[PDB]
Enquirer: 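Okay, here's the structure, questions in a sec.
Here is the naming used below: chain letters follow the sequence lines, and residue numbers restart at 1 for every chain.
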Amino acid sequence: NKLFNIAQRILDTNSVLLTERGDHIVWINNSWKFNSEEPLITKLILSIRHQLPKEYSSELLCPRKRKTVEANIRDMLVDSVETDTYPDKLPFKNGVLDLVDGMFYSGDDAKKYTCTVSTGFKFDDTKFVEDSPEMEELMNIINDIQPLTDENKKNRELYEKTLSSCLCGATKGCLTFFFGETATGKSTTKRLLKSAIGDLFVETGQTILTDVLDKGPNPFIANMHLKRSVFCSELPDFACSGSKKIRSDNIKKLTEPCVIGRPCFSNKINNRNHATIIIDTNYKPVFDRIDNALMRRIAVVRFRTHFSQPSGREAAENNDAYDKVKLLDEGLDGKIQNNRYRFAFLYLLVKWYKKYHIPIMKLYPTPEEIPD
Amino acid sequence: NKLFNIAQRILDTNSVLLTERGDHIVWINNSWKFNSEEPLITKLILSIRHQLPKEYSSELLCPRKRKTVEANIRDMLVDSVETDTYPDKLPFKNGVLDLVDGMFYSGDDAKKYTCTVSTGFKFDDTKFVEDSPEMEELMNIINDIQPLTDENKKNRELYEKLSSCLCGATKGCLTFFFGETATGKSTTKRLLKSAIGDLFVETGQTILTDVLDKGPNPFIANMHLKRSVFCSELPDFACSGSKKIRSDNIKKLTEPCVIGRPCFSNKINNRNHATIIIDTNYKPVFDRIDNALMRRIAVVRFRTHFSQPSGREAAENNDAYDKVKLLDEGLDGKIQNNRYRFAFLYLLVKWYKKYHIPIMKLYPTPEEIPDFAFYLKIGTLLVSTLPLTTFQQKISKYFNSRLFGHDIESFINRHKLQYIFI
Amino acid sequence: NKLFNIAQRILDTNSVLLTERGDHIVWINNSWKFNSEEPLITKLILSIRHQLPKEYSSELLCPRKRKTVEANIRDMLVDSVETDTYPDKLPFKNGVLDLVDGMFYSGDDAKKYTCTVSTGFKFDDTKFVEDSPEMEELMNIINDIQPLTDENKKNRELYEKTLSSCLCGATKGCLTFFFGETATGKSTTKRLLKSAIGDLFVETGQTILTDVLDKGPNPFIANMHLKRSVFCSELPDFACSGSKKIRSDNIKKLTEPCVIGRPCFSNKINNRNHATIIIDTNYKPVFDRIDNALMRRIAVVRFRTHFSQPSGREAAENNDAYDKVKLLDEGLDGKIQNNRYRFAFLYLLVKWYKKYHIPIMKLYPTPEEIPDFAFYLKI
Amino acid sequence: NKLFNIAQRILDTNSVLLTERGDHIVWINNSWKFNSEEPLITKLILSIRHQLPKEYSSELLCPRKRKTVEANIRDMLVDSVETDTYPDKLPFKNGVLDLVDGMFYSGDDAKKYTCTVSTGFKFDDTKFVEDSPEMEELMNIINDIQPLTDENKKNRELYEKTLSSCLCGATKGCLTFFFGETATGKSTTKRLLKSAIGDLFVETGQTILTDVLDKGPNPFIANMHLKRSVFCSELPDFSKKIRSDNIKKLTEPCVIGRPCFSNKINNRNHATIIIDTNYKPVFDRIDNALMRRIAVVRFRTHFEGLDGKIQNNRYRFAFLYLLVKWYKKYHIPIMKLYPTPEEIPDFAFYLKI
Amino acid sequence: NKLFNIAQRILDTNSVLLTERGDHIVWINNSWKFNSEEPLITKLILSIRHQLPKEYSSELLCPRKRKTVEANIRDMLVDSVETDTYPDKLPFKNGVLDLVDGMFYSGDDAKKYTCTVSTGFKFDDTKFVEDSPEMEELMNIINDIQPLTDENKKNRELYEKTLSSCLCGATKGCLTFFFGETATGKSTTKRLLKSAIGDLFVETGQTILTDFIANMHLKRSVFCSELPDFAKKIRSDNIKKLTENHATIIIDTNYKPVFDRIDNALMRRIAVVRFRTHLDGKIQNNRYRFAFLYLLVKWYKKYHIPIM
Amino acid sequence: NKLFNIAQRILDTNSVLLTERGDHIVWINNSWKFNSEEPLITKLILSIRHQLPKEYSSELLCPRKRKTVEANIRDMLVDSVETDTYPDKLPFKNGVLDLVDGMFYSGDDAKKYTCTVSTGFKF
DNA sequence: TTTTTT
Ligand SMILES: Nc1ncnc2c1ncn2[C@@H]1O[C@H](COP(=O)(O)OP(=O)(O)NP(=O)(O)O)[C@@H](O)[C@H]1O
Ligand SMILES: Nc1ncnc2c1ncn2[C@@H]1O[C@H](COP(=O)(O)OP(=O)(O)NP(=O)(O)O)[C@@H](O)[C@H]1O
Ligand SMILES: [Mg+2]
Ligand SMILES: [Mg+2]
Ligand SMILES: [Mg+2]
């Protein structure tokens with residue numbers, strides 16, 4: 001009776017929802033949290049006790065009586081909700097940022113957008129500024145990696161567009177390759193992106209390219225669910241030595257809105273694809289079969305700036321794989337690891353996002369940059 | 001006593017039923033639902049408490065007491081009932097639509113048809129009207145994908161006979177949507193998914209290339225009572241050297257029952273009501289050709305290119321297309337927003353009414369598969385003395401071996417000869 | 001009420017933390033520890049009962065009430081924390097050593113450094129002293145293995161730098177090959193390092209070098225998570241034998257901060273790479289493919305001192321793979337196995353850390369010592 | 001309170017220990033037993049009630065209270081301990097034999113040594129003397145397999161040293177080859193050694209010699225954990241080669257390999273590896289490192305009671321006395337196995353050139 | 001103990017039996033249900049409530065007490081019993097047919113015959129009649145697929161003797177090769193038998209012999225078909241275990257059979273029935289069912305009596 | 001106390017034994033059975049209650065108390081035994097015939113030979 | 001139990 005009243009009052013705040021995947025999400029700490037190994041409903045019951053009258057709050061201090069309320073709530077939830085339907089919203093721990101407006105929402109304003117994923121860190125409004133001491137450093141680094149020259153204009157724009165796709169929660173129909181020689185800044189960009197977007201970024205293996213995706217459990221493809229960025233690295237030169245070709249059909253399945261594959265001990269075989277897939281390579285990719293359907297899904301961005309020690313400065317001037325040689329900085333790697341350029345790079349990504357959404361945003365292939 | 005009385009009263013409402021597989025189906029929110037990882041019986045007990053006396057409703061506010069009533073109810077369910085026996089009923093979240101007539105039933109009138117699946121969304125009467133701009137846009141899109149010409153008349157009709165995804169009955173044929181790139185094969189899939197909702201499922205290619213066993217196979221178990229199954233993409237079976245489609249799986253995907261169980265479950269049997277469609281840029285290749293396999297394969301072809309202005313010239317200079325049109329970049333977002341859901345549903349119902357004369361069935365197209373070319377000629381040429389050399393020269397006197405060389409080589413060698421020419 | 005008050009008081013001490021991996025870590029005996037199949041919250045509840053009022057301590061003697069307090073505590077933890085973010089802190093079983101300065105923190109000072117790994121043994125302040133009879137023997141052993149001559153200066157410096165990099169919790173950019181002939185002391189160094197750093201050290205098979213790293217469960221990769229030193233031993237003769245060559249792509253994957261691979265019955269495919277990877281060999285490595293990226297991630301240390309028996313003393317002085325011949329000490333492996341030079345070697349490693357980690361320590365390649373790289377060096 | 005007092009008193013006896021590998025070990029019936037599938041702690045609680053006061057003992061008869069005591073004990077063990085750290089101790093089903101003094105410990109003295117393995121049989125202190133006609137008769141099979149001549153002194157001493165090495169719980173730097181014909185004494189030695197040490201003995205095939213240790217489950221190598229002797233019995237007529245890298249990997253103290261359905265990849269190597277060979281072995285690659293890890297014991301004495309008497313465990317405590325005597329003879333004060341690269345025909349050319 | 005007394009009276013009904021497979025069978029809803037999941041003993045305890053004294057029935061309304069009675073019952077069953085012993089019984093999904101006698105033991109008189117596999121359909125006697133048009137509607141059929149004419153006499157005797165053999169709950173140690181050509185009516189036999197014994201009839205392919213064995217327990221008939229000519233082979237090491245198994249193994253072919261290796265013992269386990277006389281929508285509509293059932297019963301009191 | 005006494009009395013009949021593999025064998029219906037295929041210890045406890053005194057029989061009609069007696073029994077069994085080692089025997093379904101005298105021990109004496117296999121016919 | 005392993 002009294003515990004039923006507590007459960008009914010809790011369910012009136014719309015703080016617990018059941019999703020189409022048969023899962024429970026709870027609104028705690030200005031975030032829609034989900035976990036099948038944690039007691040989230042009882043966590044919400046304990047945390048929400050301050051919104052209840054004094055005769056009810058003291059009743060919820062018993063772990064046994066919170067489970068009764070949890071059971072009462074679980075028997076009350078029949079309908080399901082869609083969740084994750086807004087592509088123009090970027091979720092954080094303490095709210096949601098509007099990518100079309102630039103305004104940060106918190107409290108019940110962010111509750112309206114049911115986002116079950118987040119960057120994993122808190123949004124700071126005093127660093128999302130266009131004028132900082134770190135912004136000049138970040139622009140110098142990025143202009144070093146991708147120069148602003150007439151000969152490098154489409155490559156730089158494609159680089160910016162691919163980096164800004166990682167903010168959009170939608171399916172994308174192209175796969176991009178970061179191609180270049182050694183010490184050209186391909187991993188620096190990846191680390192900067194990981195710092196910027198945090199938990200919306202995932203690194204997976206090459207098995208999602210060269211193997212089947214739905215024979216038995218496959219966490220490497222099942223962990224990409226609702227992720228906005230997937231990275232692969234170190235393509236093993238499928239040209240010269242003994243190797244396995246990529247697979248033309250694997251590429252086509254990775255551009256679909258739904259990807260088939262299940263985790264361990266799981267019956268769920270469908271994953272929603274919101275990811276920009278980028279592969280770091282030192283060699284151009286080689287496919288088992290070449291087709292017009294494969295040509296429409298491949299884009300290439302080239303890196304042609306060398307960062308070297310002075311001793312190796314002379315040898316880099318003779319290599320034709322490089323267009324510019326610059327002095328290497330050994331403090332950059334540690335400064336990126338400390339999330340120094342987190343919000344500056346986030347501001348840059350949002351600024352490019354506003355630039356490249358000319359009504360709609362569409363990724364386009366570059367078939368001319370593939371020897372095959 | 002009192003809890004047993006409550007369980008007995010709840011049982012007399014016929015809101016809980018037991019199936020042959022052992023599932024428990026409950027009538028909640030004007031729909032039949034079953035779920036092995038959701039406490040559905042206690043949900044129904046909590047919901048139905050308002051139809052009981054006042055002294056009985058108070059006993060149902062305790063979750064401990066509802067479990068006793070649930071156990072009591074589970075002990076009285078000793079007889080199984082047959083479910084999903086009406087092929088011409090389309091269940092929604094709030095009722096059932098009669099396909100042959102067109103009347104929408106709600107409440108106890110839809111409870112008579114034990115439809116344990118659903119589309120997942122409510123039926124709207126004001127959108128099932130056929131008179132709306134969405135209908136005109138949908139008709140234009142469909143006519144673009146499959147033109148209404150004399151040379152496409154037989155192919156457009158097979159495309160229309162999509163309407164099989166509404167039938168709750170076993171289908172005896174598998175269909176391949178075969179075409180070149182950017183021909184609208186995924187647009188049709190997305191439209192169908194929007195139209196029928198949860199009755200649509202997407203699985204992997206292992207149901208065509210792997211061995212089906214008694215082990216946990218969610219890719220098969222998730223097809224139970226589904227009316228549409230899509231498998232996307234198919235590798236090139238020659239230049240890639242990949243696994244071929246096993247002929248035994250084609251037979252087992254046509255039978256009314258399929259074998260496969262979920263994880264942590266013992267439900268080994270699945271009921272087959274699905275239309276199987278495979279999206280392909282390459283025509284299928286099988287590991288063993290026989291007369292039974294050639295009776296279960298049909299092919300629909302897509303030959304209209306939707307291209308950007310830059311690529312119009314190469315599109316018009318290609319022999320894989322009959323028509324070149326301009327790509328629309330806003331259509332994909334509109335389809336995902338369920339803009340054409342009810343218009344496409346109305347179109348599918350209209351097509352359904354056309355192909356029941358009075359029985360609808362799927363006809364294979366064996367002449368569209370190059371892999372079946374050898375067996376057709378042999379079947380129409382031979383009827384099951386006669387020297388081997390004489391047979392060789394007689395069979396090579398008319399045919400050329402520039403392509404059918406290994407075919408007759410295998411037929412003569414492996415298949416050793418009571419065969420008489422027509 | 002009362003049990004909720006106990007749980008709230010326990011929570012205020014910040015002795016239970018939830019990590020961004022699903023783990024619950026507790027602070028028992030001056031160390032952060034966790035166990036996936038043996039939750040340690042009730043053990044902390046029992047151990048911490050002496051910092052509470054005497055009326056709250058008796059209630060914690062009941063195993064059933066400890067479970068209630070644990071259930072209350074688990075509902076209070078909502079946010080996660082990041083662990084192992086300090087590269088210059090060496091964690092022990094009873095505290096943390098500061099490699100920058102040299103002080104040892106053995107209390108709440110060691111608590112702020114959330115280190116989930118440790119050497120596995122306690123730290124002794126009476127043996128981390130420098131001047132000792134054991135340390136003089138260690139100097140003799142090290143000087144025998146790597147002499148301080150003018151022709152071995154760069155090799156000895158690279159040896160010291162590679163050894164001292166094993167104390168750092170950061171991603172390294174090179175894999176080192178301890179190359180030498182038989183009985184040259186390249187296993188004595190490995191045993192000394194294992195004695196020095198304890199559980200921060202791991203051995204793995206050669207499959208991490210020659211096989212695909214993510215084709216199913218790979219326990220040989222998931223066991224390198226957060227380890228500061230990884231050893232591989234005895235690659236075969238790639239030339240005068242039919243053997244699988246290394247693979248240039250695995251070398252590049254073993255350099256990145258994050259390594260992809262999962263254990264059995266697991267859905268976690270990400271591991272943090274903090275390890276110095278050393279392969280001890282009698283033969284030079286052979287790879288599938290040679291490019292500029294591979295030649296930038298490999299360094300080689302030579303061992304050229306032979307420890308022999310009087311019978312082979314004459315035969316060793318003729319062989320040209322040795323530069324010096326010394327008498328073998330048969331009672332040396334037992335001394336190492338008893339951890340005699342554990343803290344002397346720890347002090348030596350800390351001194352080398354001070355010498356080489358100013359301001360930034362970075363490993364550099366040695367391409368000129370690999371014959372396989374000769375052709376690419378010609379141009 | 002009272003049950004916590006009982007648990008505290010039980011914990012003071014050090015009868016339950018937490019191990020580094022993650023398991024619990026309990027001291028029941030003069031042995032350390034692993035808690036992996038049976039409730040051993042409640043068994044210990046029930047058994048130990050006789051060392052408790054009369055008020056604490058009448059309360060352990062209830063199965064419910066024993067579970068409470070076990071729960072209390074499980075929360076008290078926070079620090080793990082290291083096991084099998086004594087190379088000069090031989091464990092049995094009833095206690096530990098000291099290989100130096102020859103003394104035998106059975107009860108509270110035996111539990112001081114944390115030995116998790118054993119021979120699998122009970123020790124007989126009445127036949128471990130020196131005297132009695134059994135031991136005097138056992139100096140007729142050994143003296144026939146390896147005569148006591150002057151030309152066979154070195155080979156017999158190497159044979160005795162190799163047999164003695166099976167009593168030491170430490171890492172050995174050499175692998176021994178028993179080279180001879182059929183029915184020459186090799187199988188008799190194998191059976192005598194199996195009878196003498198029991199469960200500390202293992203027979204394998206060729207998966208650890210010709211194949212690769214890593215790359216998949218290797219149940220035949222994780223089985224060699226903490227075991228003192230391994231025999232490679234059935235050599236095929238060399239086919240796959242010896243793959244000297246494998247024998248190099250079998251010398252290190254730690255061996256890399258995992259069982260089925262397991263994540264542990266490290267094993268401790270205390271095994272004396274003896275390979276029974278009838279034909280000249282061929283190696284993939286021969287280098288100076290291979291020469292330093294190979295020893296050869298040759299059987300060149302051509303020969304029905306000696307077929308079931310050994311299988312009846314008759315020479316179980318007589319061969320053990322010989323093994324202990326030879327152990328004492330070859331510890332001066334450190335026993336080390338040395339290579340014999342001249343007794344291999346394949347190593348003839350590589351020595352000179 | 002009141003609950004132990006309640007459990008005593010439930011065991012004095014033989015409604016729960018223990019099988020050597022390690023599971024229990026419960027006589028509920030007039031059927032020997034055999035299930036390894038879902039609580040059947042508790043369902044039986046609740047259902048048998050009314051055959052119990054008044055004070056013993058009120059105790060069984062509590063699920064907690066029903067589980068205690070279930071535990072008591074499970075602790076008193078120590079000896080296993082064997083199911084499906086009688087060979088002259090036809091299990092229909094209403095009861096049991098006593099072949100050699102003529103009567104249907106309808107609802108409760110069929111509990112002594114612990115049959116666990118049924119034909120899957122109900123049985124009646126108004127249509128299972130000893131006359132009427134349907135008896136002659138197939139006389140022409142059974143006489144033109146197989147005539148006698150004193151030249152095809154023994155052939156027909158074997159034909160409708162091995163047909164009636166698919167009514168015996170005992171091992172039929174013989175593999176009758178249904179020889180003949182196409183359109184001879186061996187598919188009419190195929191469809192008349194699927195319409196006679198229901199789920200007691202199973203179909204298979206060539207793999208059973210040329211190279212489907214787990215799900216052949218208490219299967220009373222197998223009718224392998226769609227076989228290509230062998231001239232793999234019969235794999236003569238298969239009949240050793242194939243005929244060693246409650247089914248009449250019938251192989252129908254359109255070609256000549258070639259065995260792997262014929263010996264002096266191989267040609268003693270093979271029979272043959274030739275068809276030297278080389279519907280649908282109505283044959284699949286179960287028009288006869290019970291008429292063909294009578295035909296088989298008629299042939300049962302023939303040759304198989306008193307031994308087959 | 002009382003339940004521990006009942007478990008002790010049952011333990012004196014040697015009807016339950018523990019094998020080295022980690023299972024229990026129960027002597028019921030004059031045969032050594034195996035656990036891991038339905039629990040047999042509680043069946044034995046229920047079937048032995050006649051030999052126990054009258055005040056110890058009414059306590060064993062309660063399923064919960066039988067589980068307590070079982071838990072007591074599983075704690076007193078610490079020494080493992082081997083199964084079917086005697087090479088000179090021939091089991092039957094009333095006993096085990098000896099192989100030298102031709103004698104056929106039955107019942108109480110047949111329990112000494114822990115045999116799991118048998119001929120298959122009475123004697 | 002599923003995964004892992006075959
Ligand atoms: N009627 C139409 N008018 C305009 N654009 C259309 C029309 N139908 C489809 N499109 C668009 O054309 C593009 C290509 O269609 P799509 O459905 O991808 O064909 P596809 O065969 O699946 N491509 P592929 O997988 O390479 O064979 C998509 O962007 C569609 O939105
Ligand atoms: N400084 C030293 N003085 C004397 N003996 C030493 C010294 N260092 C090592 N040894 C001994 O020399 C022997 C050979 O050393 P070891 O570490 O095995 O070299 P190794 O190169 O690893 N042998 P290998 O694996 O075949 O190449 C061992 O017995 C050591 O104990
Ligand atoms: Mg890089
Ligand atoms: Mg498509
Ligand atoms: Mg070494």
Enquirer: Any chance CZ of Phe212(E) has more than 12 other-residue heavy atoms, nucleotides or ligands included, within less than 6.0 Å?
Expert: no
Enquirer: For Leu46(F), is it the side chain, the backbone, both or neither that has a heavy atom under 4.5 Å from a heavy atom of chain E?
Expert: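 Contact with chain E is through the side chain of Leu46(F) alone.
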Enquirer: Of all heavy-atom pairs between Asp75(E) and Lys43(F), which one has the smallest distance, and what is that distance?
Expert: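 Scanning both residues completely, I find the closest heavy atoms to be O-CG, 3.2 Å.
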Enquirer: Around atom CG of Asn1(F), are there more than 12 heavy atoms of other residues, nucleotides or ligands at under 6.0 Å?
Expert: no
Enquirer: Under 4.5 Å, counting heavy-atom pairs only, tell me which of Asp23(E), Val78(E), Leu3(E) racks up the most with chain F.
Expert: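 Winner by heavy-atom pair count: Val78(E).
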Enquirer: Tell me, side chain or backbone of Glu38(F) under 4.5 Å from chain E's heavy atoms, or both, or neither?
Expert: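 Looking at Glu38(F), just its side chain touches chain E.
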Enquirer: If you count every heavy atom of other residues, nucleotides or ligands that lies below 6.0 Å from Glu37(F) atom CD, does the total exceed 12?
Expert: no
Enquirer: Does NZ belonging to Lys112(E) count more than 12 external heavy atoms closer than 6.0 Å?
Expert: yes
